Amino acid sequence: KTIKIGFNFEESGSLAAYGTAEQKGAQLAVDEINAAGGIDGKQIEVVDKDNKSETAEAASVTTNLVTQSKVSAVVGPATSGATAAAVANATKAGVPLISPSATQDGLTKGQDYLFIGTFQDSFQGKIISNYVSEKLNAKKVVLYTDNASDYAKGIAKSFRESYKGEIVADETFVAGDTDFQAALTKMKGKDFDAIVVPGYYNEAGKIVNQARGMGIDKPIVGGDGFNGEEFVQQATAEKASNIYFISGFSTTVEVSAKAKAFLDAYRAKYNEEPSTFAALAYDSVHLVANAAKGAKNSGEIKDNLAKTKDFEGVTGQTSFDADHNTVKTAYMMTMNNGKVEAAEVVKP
């Protein structure tokens, strides 16, 4: 027999770069585990569903995975809105759901069936404030945020709380926008030392593109939403200079053997570079597979995940606390000409 595992990922739509990276990293882990004999001698059977980057679809897909497909665990969604919309449906069926990358604070509170593989937005905002203040030496900044996003708003809230310099402009945009001219024009005529942009790649990359196009050269700093090659494609490699952003995976600073092995394996399998989201998803599959060893049913997989205190993976350790959260190493990436040239370990 087999062990059924569902994927619920943003494989198409506005968040596709994130979910597709996770699909690739998760599938690589499954393939390897299967080649090595499966779990308890059972092959992993994947039911891979695309949530289209939509919250209602993420919810519907979860119901179908847990009640029709009758999967034992779900990996994904990648993003916070979708994860928040999926959790109650997994919970009703008593199936654990692990999001490799949903950073919304408090998402796991009281959620016996939700696990989060990454850090939180409060942590991101604090790191951004510390970095722009102490490393970019910024006494004045522009804050430009996706107002249609709880993710972006959470990072912005934390940033404002921590930052002691002057926010000279606190402007907005919304997901789906493709024109940022008015706001950028308004910013240009003001002295500032950096622009902090909480948001996702479709908007952030276009913002970088347009800012640099109109002569704004100062540092543009983002949260984890800046990861991936689609951000660089939107910005264009030329304009993707003086860019800094948070990541949970680095190929150069304090690089572990597991990170090296994953980079090599992903390149061999896909002939592409992995993002931090592929790395987190690869670890999430291993966390579930390990938890499935000796598990008689889905509640036991959940219990076993909750007892995971010392897992070592591609993204360092995973050690779940009582709230199903794990501390994770974070890096501030330095990007020029669309390439990461430096990585610095950072913490609040």
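So that there is no doubt, residue numbering starts at 1 and follows the sequence shown.
According to the PDB record, 231 to 239 carries the higher mean C-alpha B-factor of the two stretches 231 to 239 and 89 to 97.
As listed in the deposited structure, the average C-alpha B-factor of 38 to 46 and of 311 to 319 is greater for 38 to 46.
Taking the PDB entry at face value, the top CA B factor among 155, 82, 73, 194 belongs to 194.
Within the group 118, 129, 252, 108, the record's highest C-alpha temperature factor is found at 252. Among the modelled residues of its chain, residue 207 has a C-alpha B-factor that falls in the middle third, as given in the PDB entry.
Among all modelled residues in this chain, the alpha-carbon of residue 345 has a temperature factor (C-alpha) in the middle third. When the modelled residues of the chain are ordered by their C-alpha B factor, residue 224 lands in the lowest third.
Compared with the other modelled residues of the chain, the Cα B-factor recorded for residue 338 ranks in the highest third.
In the deposited entry, the Cα temperature factor of residue 270 sits in the top third of values across the chain's modelled residues.
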